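Here you get one chain, nothing else, as structure tokens; it is the form deposited in one PDB entry.
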């Protein structure tokens, strides 16, 4: 899950924005997640990666809205719905993205090397 051929720390900050997936009364997030100063900070007393005390996605559902926006199962989220995730409790970020009122769901992610559907281009 962790390998940097020529991009240690210098990851690609991308934007995930998808319209909440309503279910009866609630909204479904097509990803699993833990990011928090709320979480266990005792594994990265300065940094662990681009994750640190930030928020970061632990999954994404195949075919769910998170994948449509481009979330990648293991990505360090820098923001949730306009909030700032660098040192914010898991629940702070989770509560925002589980607001059944956010017609659209905003996620700022730092995406490192979870390359999918990359198109080849032969330069000769």
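Residue numbers count along the first chain shown, from 1.
Same protein, other form: the form deposited with a partner chain bound, not shown, and the subject of what follows.
- Among heavy atoms of residue 94, some come within 4.5 Å of the partner chain in the entry with it bound.
- Mapping the unseen interface onto this chain, residue 29 counts among the residues with a heavy atom inside 4.5 Å of the partner chain in the entry with it bound.
- Contact between residue 81 and the partner chain in the entry with it bound is not found at the 4.5 Å heavy atom cutoff.
- Residue contact with the partner chain in the entry with it bound: residue 39 places a heavy atom within 4.5 Å of it.
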